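# Summary of the model geometry
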Amino acid sequence: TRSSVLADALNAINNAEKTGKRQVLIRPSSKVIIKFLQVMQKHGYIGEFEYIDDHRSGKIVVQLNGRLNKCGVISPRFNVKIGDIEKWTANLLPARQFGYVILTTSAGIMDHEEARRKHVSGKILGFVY
Amino acid sequence: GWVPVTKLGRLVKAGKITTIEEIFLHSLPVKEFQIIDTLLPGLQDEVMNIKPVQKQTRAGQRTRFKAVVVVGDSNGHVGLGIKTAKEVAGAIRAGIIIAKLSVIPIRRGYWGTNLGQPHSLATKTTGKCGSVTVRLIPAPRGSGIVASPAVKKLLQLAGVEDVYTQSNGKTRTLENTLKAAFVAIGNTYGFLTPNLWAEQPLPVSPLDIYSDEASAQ
Amino acid sequence: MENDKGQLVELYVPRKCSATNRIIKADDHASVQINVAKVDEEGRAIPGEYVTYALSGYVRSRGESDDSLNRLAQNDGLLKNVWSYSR
Amino acid sequence: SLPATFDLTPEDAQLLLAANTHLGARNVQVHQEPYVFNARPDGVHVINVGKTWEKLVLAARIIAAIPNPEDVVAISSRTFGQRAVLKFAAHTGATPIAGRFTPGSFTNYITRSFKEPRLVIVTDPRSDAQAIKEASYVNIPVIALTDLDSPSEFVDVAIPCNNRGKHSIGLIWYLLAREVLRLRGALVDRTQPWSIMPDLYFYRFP
Amino acid sequence: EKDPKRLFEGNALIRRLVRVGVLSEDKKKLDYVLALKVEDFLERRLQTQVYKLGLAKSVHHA
Amino acid sequence: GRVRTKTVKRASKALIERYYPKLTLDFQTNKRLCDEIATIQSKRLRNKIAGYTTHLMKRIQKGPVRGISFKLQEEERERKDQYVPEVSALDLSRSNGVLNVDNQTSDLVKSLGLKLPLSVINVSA
RNA sequence: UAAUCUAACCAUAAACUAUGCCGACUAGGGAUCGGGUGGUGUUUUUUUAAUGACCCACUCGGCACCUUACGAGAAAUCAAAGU
């Protein structure tokens, strides 16, 4: 039964952008859904979104541009050290100059360039390109 | 001589189109092999495999000859066709013409930093046909091409200097292998990278700027 | 794509679609491109001016083409009251 | 961006409701549901005529935006249309096609019937799809006369009609043929009615 | 870049290739060694540098 | 026991397409004609070729052709009154100057808000 | 939310097999079986309101069936054998 909420909150997106739609409807929301979304929004991959609430756990309605190829989740959230980001990043990402893998790290959820110049590390969460 | 009988052909016979990219921007269909020859005079072929093949008509075993011919530049344009025929030297020359007809570009990018020309692929790509998969991967300088010899010879004529391959599936029917490396190139223009994010306005076709010309009588 | 010095080094930049922002390659042989005619104050047509729409290969095959025309055209004032957002 | 002379004339719609062209078929498909005003208690659905005219001036704004007026092709294979296409293409200049379409006539340039148009106008794309399907290979936009049982694949700007009556198939060619000339400058004033009788475009057999 | 192992082990590898004369003096950048070739060492042997400098009439007289 | 081969059949309709005003429903005249406008090797082949063109040519005086025919270009352009009626079938004068419509379709015209002389009737089912 | 409910027979049915099974999402089409909400529509008649049957439209749940295929597959084929 329903085990991960984020894992099918990103399966609902690219399943309805392979068919070229413009908006999707997510259910339920989460504190870690929104911050995964807020890092695909300061880089341009999605548009804007709204949070319903209905007193249980809200839904979300997202607006998609044209620019996502794939966004995903990595399901045992393993434990990335600090010398081992660049082996995760040479395998998941299509080329060396774009795309991002994001991490839950002791100073917030962030992408993998942003974690380099703050000099932190944590557990993996997903990717986006 | 050459009579153009298709209305693209009159436009290029009169010399209203100087590069092949106007065929590619508005994605125009091409059906006369003389158009490419004046457009790309440096084109150049090799033959990959020639195999006799057999059909038991009337229990009379008539021989055909299948040929696999790749044509290609050494800048970014390739082509590939296959033709069976009754005689050997007809199957080669008929095999060239379909390969001249199917020419596609290739986006050639970098590995890492930005010094000088592009050598390797832009991203990673993959095409599958039949049961074979073939996947192409960017490489640093000095790498060269690591592939099988039948696939290394293809990528010379598209002019990629360094690339990394990895192929799955039954790779020992070469008509199907080359038809997978072909798909895995031609997708390179089609992956929307972030520098292609900006907006441009639509241009207008040559097939109605010069509309009075290239019209039948 | 451009080098250290600055010049563009592609072959040539390709055409984005206009309904779904995809990219239209050199073998998308159902990729329609359509012009309409501007109008004059007397009610005639200028012979040289256009408004241009580019539609991909696959918004047509599913059948979602004409609605994507009415959505696109009505933003440019060509029509009025034939398409509606809140369906 | 089209002035009040382009609005719907109350005299014009008096023809259409007289011509019984506002009665769709009894089974809508899922793509043409914007075009339905309301259902009748009998079982039929009423097309929105103010929509079917608003997407009528658009086609003429495409037909008038072509350089050579012989690059339009207009096709029918039903009996009810194949007079109306001829008098359309008569005094406009399109290359008409009536009766049978021969297969492989937009590809295969070794045929004698080979053509390379700029538009295609079809009537009934259910029983006509050979011209639809072949135009998909060679970048040819298309315009249809759609009913509510019409497979609207590959089809751009789509005039909603009634493809069952005999007046209603003919009349939409006539109003299209009236409008395309006004845009060219070949007429004089929008407000004057057309001198030709619209019954000319019909079909009759003894 | 600006990583102190790149700067100490880089500027020594560059410095050794010029000191024998394989890298060109204008190609002192680290990406330029990745396109070095195999005869750029073959042209520095004594068998080759004595024939070019005019002492033997052929490469087998060296 | 006698049907005509395609090389009679094909060339008989090529000759009818290039010299149609010159031809004639009598066989004995245009027997003397095909030697002028074409090259026939034998003599019996000429007699067969001109035999079926005249049999083809009297079809033209009853119906249309499977070649091209400028009666389409002119006499079917005389068919622009196949029957043009002097008063139209789409005339409201046949309906006493008032349009007879269903109930709720009158709300369609009231939706776009126009002033038409229409009447309304009752509907069953 | 996880210890493993006459008889016996001989195989004499190409004897169709890499389906915790639960969960999310992704195109159409009409028939039928249960439960519910609607309706100026019918008609047994109490009356063309209603009980009453019908009829129409929606709705949640069922075993099946016909289309196509963007997709998947070595192919036959498959609304999952897809993502």
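Residues numbered from 1 in each chain as written, not as in the entry; some residues may be left out. Chains lettered and ligands numbered in written order. Part of a larger assembly, values for the part shown. Heavy atoms only, no water. Residues with missing side-chain atoms left out of burial classes, pairs and counts.

### Observations concerning the overall build of chain B
Across its full length, chain B holds eight helices and ten strands. Each principal axis of the C-alpha atoms in chain B carries an extent, and together these give about 60 × 55 × 25 Å. Across the 217 residues of chain B, 44% fall into the buried class. In chain B, the share of contacts with a sequence separation of at least 24, taken over all contacts with a separation of at least 6, comes to 55%. Per element, the accessible surface of chain B, about 11000 Å² overall, is 53% carbon and sulfur. Both charge centroids of chain B, one from 26 positive and one from 15 negative side chains, sit 14 Å from each other. (Helix = DSSP H or I, 4+ residues; strand = E, 2+ residues; numbered from the N terminus. Buried < 20%, exposed > 50% of the residue type's maximum accessible area, 1.4 Å probe, protein only. Contact = heavy atoms within 4.5 Å. Areas by Shrake-Rupley, 256 points an atom, 1.4 Å probe, with all protein chains shown as cover. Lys, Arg positive; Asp, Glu negative; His and termini not counted. Charge placed at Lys NZ, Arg CZ, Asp CG, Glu CD.)

### Focus on the UniProt feature "domain: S5 DRBM" in chain B
The sites that UniProt annotates as "domain: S5 DRBM" are residues 43–106 of chain B. Annotated as residues 43–106 of chain B, this span is 22% helix and 58% strand, and its ends, taken at the C-alpha atoms, are 15 Å apart. (UniProt positions renumbered as here; feature names shortened; annotations may be inferred.)

### With respect to the interface of chain B and chain C
Tallying the contact residues gives 30 residues for chain B and 23 residues for chain C. Linking chain B to chain C there are zero salt bridges. Taken together, chain B and chain C are joined by ten residue pairs in polar contact. Mapped by element, the contributors of at least two residues to the side of chain B that touches chain C are α2 (21–25) and β5 (108–109) of chain B. Counting residues per element, the side of chain B that touches chain C draws most heavily on α2 of chain B, at three residues. (Salt bridge = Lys/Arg side-chain N within 4 Å of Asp/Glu carboxyl O. Polar contact = N/O pair within 3.5 Å; in protein donor to acceptor, adjacent residues only side chain to side chain.)

### Overview of a nonpolar patch on the surface
Where nonpolar side chains cluster on the molecular surface, the patch consists of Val204, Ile209 and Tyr210 of chain B and spans about 250 Å² of accessible area. As for its position among the elements, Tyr210 of chain B is in the segment after α8 (206–209). (Patch = residues over 30% accessible without salt bridge, like charges linked within 9 Å, V, L, I, M, F, W, Y side chains within 5 Å.)

### Remarks on the pairing of strand β7 (residues 125–129) of chain B
Residue and element names in this part refer to chain B. Examined bridge by bridge, β7 and strand β8 (residues 132–137) share five bridges and lie antiparallel to one another. Bridging from a neighbouring strand, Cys129 pairs with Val132 of β8. Taking the residues between adjacent antiparallel strands as the criterion, β7 and β8 are bridged by two residues, where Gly130 takes a positive phi near 75°. (Pairing = 2+ DSSP bridges.)

### Structural notes on the arrangement of the chains
With seven pairs of chains in contact overall, the contact-richest pair is chains C and D. Separating chain D from chain E is a minimum C-alpha gap of 45 Å, and the two share no contact. Nowhere do chain A and chain F come into contact; their C-alpha atoms are at least 32 Å apart.

### Regarding the environment of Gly126 of chain A
Residue and element names in this part refer to chain A. For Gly126, the position within the fold is in strand β7 (residues 122–128). Take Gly126: its relative accessible area is 0%, and that puts it in the buried class. As for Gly126 and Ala16, which are separated by 110 residues in sequence, their C-alpha atoms are 19 Å apart.

### Some points on the sheet that holds strand β2 (residues 46–51) of chain A
Residue and element names in this part refer to chain A. Within the open sheet, the three strands sit side by side as β1-β3-β2. Their pairing is antiparallel. Each of the sheet's edge strands pairs with one partner strand only, and the pair in question is β1 (23–26) and β2. Ignoring which end each strand starts from, the neighbouring axes of this sheet average 20° apart. With four bridges connecting them, β1 and strand β3 (residues 60–64) associate as antiparallel partners. Bridging from a neighbouring strand, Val24 pairs with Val62 of β3. (Axes fitted to C-alpha atoms, helices over the stretch in contact; angles between N-to-C directions.)

### Quick notes on the packing of aromatic side chains
This model, assessed by the stated rule, comprises ten aromatic pairs over all chains. Between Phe78 of chain A and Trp88 of chain A, the ring centres sit 5.7 Å apart and the planes meet at 45°, which makes this aromatic pair tilted. In this pair, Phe78 of chain A is assigned in the loop between β4 (71–73) and α3 (85–92) and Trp88 of chain A in helix α3, connecting sequence segments ten residues apart. Note on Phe78 of chain A: relative accessible area 40%, which makes it partly exposed. Judged by relative accessible area, which is 27%, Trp88 of chain A ranks as partly exposed. Taking the ring centre of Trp197 of chain B as reference, the NZ or CZ of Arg67 of chain A above it sits at 4.5 Å. One residue, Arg96 of chain A, lies across the ring of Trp111 of chain B, its end atom 4.9 Å from the ring centre. (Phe/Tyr/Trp six-rings, centres within 6.5 Å; stacked < 30°, edge-to-face > 60°. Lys NZ or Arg CZ within 6 Å of the ring centre and 35° of its normal.)

### Section: the protein's contact with RNA strand G
Close to RNA strand G lie 13 residues; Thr1, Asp8, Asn11 and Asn15 of chain A together with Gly130 of chain B are nearest. Considering RNA strand G, the proportion of its atoms within 4 Å of the protein that are sugar or phosphate atoms stands at 77%. Measuring from a sugar or linking oxygen of RNA strand G, one finds a side-chain N or O atom of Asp8 of chain A at 2.9 Å. Taken together, the residues of the surface near RNA strand G sort by class into two nonpolar, five polar and six charged. (Near = heavy atom within 4 Å. Nonpolar A, V, L, I, M, F, W, Y, C, P; charged D, E, K, R; others polar.)

### What about the interface of chain C and chain D?
Counting residues at the interface gives 33 residues for chain C, matched by 32 residues for chain D. Those elements giving two or more residues to the side of chain C that touches chain D turn out to be β1 (33–39), β2 (45–54), α1 (58–61) and α2 (65–75) of chain C. Top element by residues in the side of chain C that touches chain D is β1 of chain C. It accounts for seven residues.

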